[PDB]
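The data block below is model.cif; it holds mmCIF, C-alpha atoms and all ligand atoms.
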```
data_final
#
loop_
_atom_site.label_atom_id
_atom_site.label_comp_id
_atom_site.auth_asym_id
_atom_site.auth_seq_id
_atom_site.Cartn_x
_atom_site.Cartn_y
_atom_site.Cartn_z
CA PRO H 1 12.54 0.97 84.33
CA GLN H 2 13.26 -0.01 80.74
CA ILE H 3 13.14 -3.71 80.01
CA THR H 4 14.83 -5.12 76.92
CA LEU H 5 13.48 -8.24 75.24
CA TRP H 6 16.68 -10.21 74.61
CA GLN H 7 15.36 -12.48 77.38
CA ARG H 8 11.83 -13.14 78.66
CA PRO H 9 10.60 -10.09 80.63
CA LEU H 10 10.32 -11.79 84.03
CA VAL H 11 9.76 -9.73 87.17
CA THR H 12 9.03 -10.30 90.86
CA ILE H 13 5.45 -9.88 92.03
CA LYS H 14 3.90 -9.95 95.50
CA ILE H 15 0.44 -11.42 95.94
CA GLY H 16 -1.28 -12.69 99.06
CA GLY H 17 1.87 -12.14 101.09
CA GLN H 18 3.84 -14.35 98.70
CA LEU H 19 6.67 -13.58 96.28
CA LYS H 20 6.48 -15.06 92.79
CA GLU H 21 8.09 -14.66 89.37
CA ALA H 22 5.85 -13.57 86.50
CA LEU H 23 6.06 -12.68 82.82
CA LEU H 24 5.06 -9.19 81.61
CA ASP H 25 2.84 -10.26 78.71
CA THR H 26 1.49 -7.65 76.25
CA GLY H 27 -0.15 -10.47 74.31
CA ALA H 28 -2.36 -11.50 77.23
CA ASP H 29 -5.76 -9.89 77.82
CA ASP H 30 -5.87 -11.42 81.30
CA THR H 31 -3.58 -12.12 84.23
CA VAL H 32 -3.28 -15.79 85.16
CA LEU H 33 -1.31 -17.36 87.99
CA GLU H 34 -0.42 -20.94 88.86
CA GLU H 35 -2.80 -22.71 91.24
CA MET H 36 -2.84 -20.94 94.61
CA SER H 37 -5.24 -19.93 97.34
CA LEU H 38 -6.88 -16.51 97.31
CA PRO H 39 -9.62 -15.06 99.52
CA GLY H 40 -13.14 -14.29 98.37
CA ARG H 41 -15.63 -15.89 96.00
CA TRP H 42 -14.57 -16.97 92.51
CA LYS H 43 -16.33 -17.60 89.20
CA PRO H 44 -15.42 -20.31 86.64
CA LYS H 45 -13.98 -19.10 83.33
CA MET H 46 -12.47 -20.55 80.16
CA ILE H 47 -9.52 -18.74 78.59
CA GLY H 48 -7.85 -19.63 75.33
CA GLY H 49 -4.36 -19.17 74.00
CA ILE H 50 -1.98 -21.09 71.79
CA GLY H 51 -3.00 -24.72 72.14
CA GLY H 52 -6.61 -24.23 73.11
CA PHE H 53 -8.54 -23.36 76.25
CA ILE H 54 -8.06 -24.05 79.95
CA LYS H 55 -10.47 -23.75 82.89
CA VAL H 56 -9.50 -21.19 85.53
CA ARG H 57 -11.02 -19.61 88.64
CA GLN H 58 -11.70 -15.87 88.50
CA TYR H 59 -11.07 -13.64 91.53
CA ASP H 60 -11.94 -9.95 91.38
CA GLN H 61 -10.42 -6.89 93.03
CA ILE H 62 -7.17 -8.61 93.93
CA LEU H 63 -4.19 -6.49 95.03
CA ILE H 64 -0.81 -7.24 93.44
CA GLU H 65 2.56 -5.53 93.66
CA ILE H 66 4.58 -5.52 90.44
CA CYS H 67 8.18 -4.34 90.74
CA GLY H 68 7.12 -2.21 93.70
CA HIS H 69 4.06 -0.75 91.96
CA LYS H 70 0.67 -1.52 93.49
CA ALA H 71 -2.17 -2.51 91.16
CA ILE H 72 -5.71 -3.83 91.57
CA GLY H 73 -7.69 -6.04 89.23
CA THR H 74 -9.02 -9.44 88.24
CA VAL H 75 -6.67 -12.38 88.69
CA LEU H 76 -7.31 -15.80 87.20
CA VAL H 77 -5.89 -18.94 88.80
CA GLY H 78 -5.38 -22.22 87.00
CA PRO H 79 -3.08 -24.79 85.31
CA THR H 80 -0.89 -22.25 83.50
CA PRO H 81 2.76 -23.31 83.02
CA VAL H 82 3.98 -19.80 83.85
CA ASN H 83 2.62 -16.84 85.84
CA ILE H 84 1.34 -14.18 83.45
CA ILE H 85 0.77 -10.47 84.06
CA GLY H 86 -1.65 -9.34 81.37
CA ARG H 87 -2.88 -6.01 80.04
CA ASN H 88 -5.55 -5.58 82.72
CA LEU H 89 -2.74 -5.00 85.24
CA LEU H 90 0.07 -3.73 82.99
CA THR H 91 -2.00 -0.61 82.28
CA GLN H 92 -2.32 0.11 86.00
CA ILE H 93 1.44 0.36 86.44
CA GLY H 94 1.78 2.59 83.37
CA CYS H 95 3.54 0.04 81.19
CA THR H 96 4.00 0.87 77.49
CA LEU H 97 5.71 -0.66 74.45
CA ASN H 98 8.25 1.66 72.83
CA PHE H 99 10.27 1.58 69.60
CA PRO S 101 6.03 5.23 68.76
CA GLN S 102 4.73 4.56 72.26
CA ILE S 103 1.93 2.02 72.57
CA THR S 104 -0.32 1.92 75.63
CA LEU S 105 -2.04 -1.32 76.58
CA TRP S 106 -5.65 -0.33 77.20
CA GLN S 107 -6.35 -2.15 73.93
CA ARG S 108 -4.52 -5.05 72.28
CA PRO S 109 -1.25 -3.81 70.75
CA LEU S 110 -2.25 -4.64 67.18
CA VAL S 111 -0.12 -3.30 64.35
CA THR S 112 -0.06 -3.67 60.57
CA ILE S 113 2.67 -5.88 59.12
CA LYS S 114 3.66 -6.51 55.52
CA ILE S 115 4.81 -9.93 54.38
CA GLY S 116 4.85 -11.48 50.93
CA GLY S 117 3.57 -8.17 49.62
CA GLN S 118 0.43 -8.51 51.74
CA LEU S 119 -0.83 -6.46 54.68
CA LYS S 120 -1.97 -8.32 57.80
CA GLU S 121 -2.73 -7.36 61.40
CA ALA S 122 -0.53 -8.81 64.15
CA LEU S 123 -0.12 -8.59 67.92
CA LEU S 124 3.11 -7.25 69.51
CA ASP S 125 3.57 -10.01 72.09
CA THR S 126 6.31 -9.75 74.74
CA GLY S 127 5.11 -13.05 76.18
CA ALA S 128 6.01 -14.99 73.02
CA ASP S 129 9.52 -16.32 72.36
CA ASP S 130 8.66 -16.80 68.69
CA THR S 131 6.74 -15.17 65.86
CA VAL S 132 3.83 -17.24 64.54
CA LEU S 133 1.49 -16.36 61.69
CA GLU S 134 -1.79 -17.87 60.56
CA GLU S 135 -1.69 -20.39 57.70
CA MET S 136 -0.18 -18.88 54.55
CA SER S 137 2.24 -19.56 51.71
CA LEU S 138 5.93 -18.80 52.18
CA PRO S 139 8.96 -19.56 49.93
CA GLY S 140 11.63 -22.18 50.48
CA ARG S 141 11.84 -25.29 52.60
CA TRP S 142 10.52 -25.48 56.14
CA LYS S 143 11.50 -27.42 59.24
CA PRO S 144 9.23 -28.79 61.97
CA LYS S 145 8.74 -27.23 65.36
CA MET S 146 6.44 -27.76 68.31
CA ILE S 147 5.55 -24.70 70.37
CA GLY S 148 3.66 -24.56 73.64
CA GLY S 149 1.29 -21.96 74.96
CA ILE S 150 -1.53 -21.69 77.47
CA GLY S 151 -3.67 -24.58 76.26
CA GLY S 152 -0.94 -26.95 75.11
CA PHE S 153 1.22 -27.48 72.03
CA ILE S 154 0.67 -27.05 68.31
CA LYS S 155 2.72 -28.13 65.31
CA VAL S 156 4.04 -25.35 63.06
CA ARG S 157 6.23 -24.93 59.98
CA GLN S 158 9.47 -23.00 60.44
CA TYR S 159 10.78 -20.69 57.71
CA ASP S 160 14.07 -18.84 58.09
CA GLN S 161 15.30 -15.44 56.89
CA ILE S 162 11.83 -14.17 56.00
CA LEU S 163 11.43 -10.46 55.27
CA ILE S 164 8.68 -8.86 57.33
CA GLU S 165 7.84 -5.19 57.76
CA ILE S 166 6.49 -4.24 61.18
CA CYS S 167 5.05 -0.73 61.52
CA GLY S 168 7.39 0.39 58.76
CA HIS S 169 10.43 -1.29 60.29
CA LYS S 170 11.99 -4.00 58.15
CA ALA S 171 13.08 -7.17 59.91
CA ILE S 172 14.48 -10.43 58.53
CA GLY S 173 14.18 -13.53 60.65
CA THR S 174 12.45 -16.75 61.59
CA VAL S 175 8.70 -16.96 61.13
CA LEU S 176 6.52 -19.87 62.17
CA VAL S 177 3.28 -20.77 60.39
CA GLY S 178 0.53 -22.82 61.96
CA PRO S 179 -2.96 -22.95 63.52
CA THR S 180 -2.47 -19.89 65.72
CA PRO S 181 -5.58 -17.92 66.82
CA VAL S 182 -3.96 -14.60 65.83
CA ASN S 183 -0.81 -13.36 64.12
CA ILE S 184 1.89 -13.01 66.78
CA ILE S 185 5.08 -10.94 66.62
CA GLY S 186 7.38 -12.46 69.22
CA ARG S 187 10.61 -11.41 70.91
CA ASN S 188 12.81 -12.70 68.07
CA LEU S 189 11.52 -9.84 65.89
CA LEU S 190 10.62 -7.31 68.58
CA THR S 191 14.34 -7.06 69.37
CA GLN S 192 15.11 -6.39 65.71
CA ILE S 193 12.93 -3.27 65.69
CA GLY S 194 14.26 -2.08 69.06
CA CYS S 195 11.11 -2.62 71.10
CA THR S 196 11.29 -2.30 74.90
CA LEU S 197 8.84 -2.34 77.82
CA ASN S 198 8.73 0.79 79.97
CA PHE S 199 7.10 1.93 83.23
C1 LIG W 201 -2.85 -15.56 79.63
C2 LIG W 201 -3.18 -15.98 78.16
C3 LIG W 201 -4.34 -15.09 77.57
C4 LIG W 201 -5.71 -15.53 78.19
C5 LIG W 201 -4.39 -15.13 75.99
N1 LIG W 201 -3.14 -14.65 75.36
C6 LIG W 201 -2.16 -15.48 74.88
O1 LIG W 201 -2.24 -16.71 74.92
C7 LIG W 201 -0.94 -14.83 74.23
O2 LIG W 201 -0.81 -15.31 72.83
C8 LIG W 201 -1.45 -14.46 71.83
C9 LIG W 201 -2.94 -14.73 71.71
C10 LIG W 201 -3.86 -13.66 71.75
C11 LIG W 201 -5.26 -13.90 71.65
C12 LIG W 201 -5.74 -15.22 71.50
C13 LIG W 201 -4.83 -16.31 71.45
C14 LIG W 201 -3.43 -16.06 71.56
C15 LIG W 201 0.38 -15.05 75.04
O3 LIG W 201 1.31 -13.92 75.00
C16 LIG W 201 1.15 -16.20 74.43
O4 LIG W 201 1.82 -15.70 73.22
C17 LIG W 201 2.18 -16.79 75.38
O5 LIG W 201 1.54 -17.12 76.67
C18 LIG W 201 2.42 -17.03 77.84
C19 LIG W 201 3.30 -18.25 77.96
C20 LIG W 201 4.71 -18.11 78.02
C21 LIG W 201 5.52 -19.29 78.13
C22 LIG W 201 4.92 -20.59 78.18
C23 LIG W 201 3.51 -20.74 78.12
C24 LIG W 201 2.70 -19.56 78.01
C25 LIG W 201 2.74 -17.96 74.68
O6 LIG W 201 1.96 -18.90 74.48
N2 LIG W 201 4.05 -17.92 74.30
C26 LIG W 201 4.68 -19.03 73.60
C27 LIG W 201 6.02 -19.22 74.25
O7 LIG W 201 6.80 -18.26 74.33
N3 LIG W 201 6.27 -20.49 74.72
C28 LIG W 201 7.56 -20.70 75.36
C29 LIG W 201 4.85 -18.74 72.05
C30 LIG W 201 5.69 -19.86 71.33
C31 LIG W 201 3.48 -18.61 71.34
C32 LIG W 201 3.62 -17.88 69.99
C33 LIG W 201 -5.48 -14.18 75.51
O8 LIG W 201 -5.30 -12.96 75.63
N4 LIG W 201 -6.61 -14.77 74.97
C34 LIG W 201 -7.66 -13.88 74.51
#
```

Now, as a test, write the supplied structure out as structure tokens.
Ligand SMILES: CC[C@H](C)[C@H](NC(=O)[C@H](OCc1ccccc1)[C@H](O)[C@@H](O)[C@@H](OCc1ccccc1)C(=O)N[C@H](C(=O)NC)[C@@H](C)CC)C(=O)NC
Amino acid sequence: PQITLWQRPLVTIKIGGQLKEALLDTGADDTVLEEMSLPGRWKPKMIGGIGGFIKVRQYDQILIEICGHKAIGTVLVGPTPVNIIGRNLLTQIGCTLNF
Amino acid sequence: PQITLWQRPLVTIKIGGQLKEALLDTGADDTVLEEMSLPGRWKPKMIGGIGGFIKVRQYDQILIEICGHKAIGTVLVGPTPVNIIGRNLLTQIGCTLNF
């Protein structure tokens, strides 16, 4: 589809059998979701944005469905105020910026 | 043009007669640039991101050229890690997300 930017580009995602709302973020290198449980082993990681850094847990090879499109990649979980779909996953669904 | 996201969507912008590099960020409501000198009076604003909030100076009706497209709008200046072109200006140049 074609998403305009008059409003925040929020979409529905499916992860771990759960439905959630997330922001398509071209400014994010990584994908980070609010605190939740995921299977497998995780590694600690510090990610920084506007405001500073936060500590998150890194899970690899996680399957996520974005607007019906399946994608696989690293998903970080932590105290983020909003679920963010970053470039590592946006590329897998063929997302591009156009103007 | 069409910009893929395998790399950060960095573009060249022109403001105050100077060239700078900035990130096309669909996850940002506002446009924030690194510390610099702009004309006129400014108003205060607090903006929040991943690691918390930062204080910035708000300037209105600022001329900024993005990839050759001229836009005139609100620009924030503060301790941001990178120059960010947010939705307020992305809509002015007709930018959309597609997949
Ligand atoms: C998952 C974050 C990721 C690890 C990080 N990227 C960023 O922080 C991006 O910023 C560019 C950036 C790029 C590189 C280093 C630092 C900063 C991002 O798109 C922000 O812009 C945007 O974050 C999503 C968000 C939306 C609403 C509320 C809170 C957060 C955000 O903070 N939006 C604010 C917002 O819209 N708040 C409502 C806005 C005012 C900031 C200009 C990164 O890639 N680090 C290397």

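Residues in contact with residue 3 in chain H at 9 Å, where only C-alpha atoms are counted and same-chain residues fewer than 2 positions away are skipped, are listed as residues 1, 5 and 9 of chain H; 196, 197, 198 and 199 of chain S.
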
Step by step, measure atom-to-atom distances between ligand LIG 201 (chain W) and each residue using only C-alpha atoms and all ligand atoms, keep those at most 7 Å, then write them as a ChimeraX atom specification.
-> /H:25-32,47-50,81-82,84,86 /S:125-132,147-150,181-182,184,186

Measuring atom to atom with only C-alpha atoms, identify which of H:85, H:52, H:67, H:44 is nearest to chain S.
-> H:52

Distance in Å - CA of residue 77 in chain H versus CA of residue 36 in chain H = 6.9 Å

Padding of 8 Å on every side, edges along x, y and z, all listed atoms of range 131-150 of chain S included: what centre and edge lengths in Å, to one decimal, does that box have, as lines of an AutoDock Vina configuration file?
```
center_x = 5.0
center_y = -22.0
center_z = 63.7
size_x = 29.6
size_y = 29.6
size_z = 43.5
```

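Considering all atoms listed in the file, the residue among H:54, H:11, H:90, H:33 positioned nearest to residue 71 in chain H is H:90.
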
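With all atoms listed in the file taken into account, the protein and nucleic acid residues at most 6 Å from range 161-163 of chain S (excluding it and anything under 2 positions from it in its own chain) are residues 171, 172, 173 and 174 of chain S.
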
Expressed in Å to a single decimal, how great is the separation between CA of residue 183 in chain S and CA of residue 195 in chain S?
-> 17.5 Å

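Reported to one decimal place, the separation of CA of residue 138 in chain S from CA of residue 155 in chain S is 16.4 Å.
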
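Proximity of H:75, H:39, H:65, H:46 to residue 19 in chain H, computed with all atoms listed in the file, is greatest for H:65.
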
For the point (2.3, -9.9, 95.6) in file coordinates, what residues are within 8 Å, counting only C-alpha atoms? Give the answer as JSON, numbers by chain?
-> {"H": [13, 14, 15, 16, 17, 18, 19, 20, 63, 64, 65, 66]}

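Take the candidates H:69, H:57, H:2, H:76 and check each one against chain S using only C-alpha atoms; the shortest distance goes to H:2.
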
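Shortest atom-to-atom contact with chain S among H:12, H:51, H:35, H:89: H:51, counting only C-alpha atoms.
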
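The nearest approach to chain S among the residues H:87, H:10, H:92, H:22, with only C-alpha atoms taken into account, belongs to H:87.
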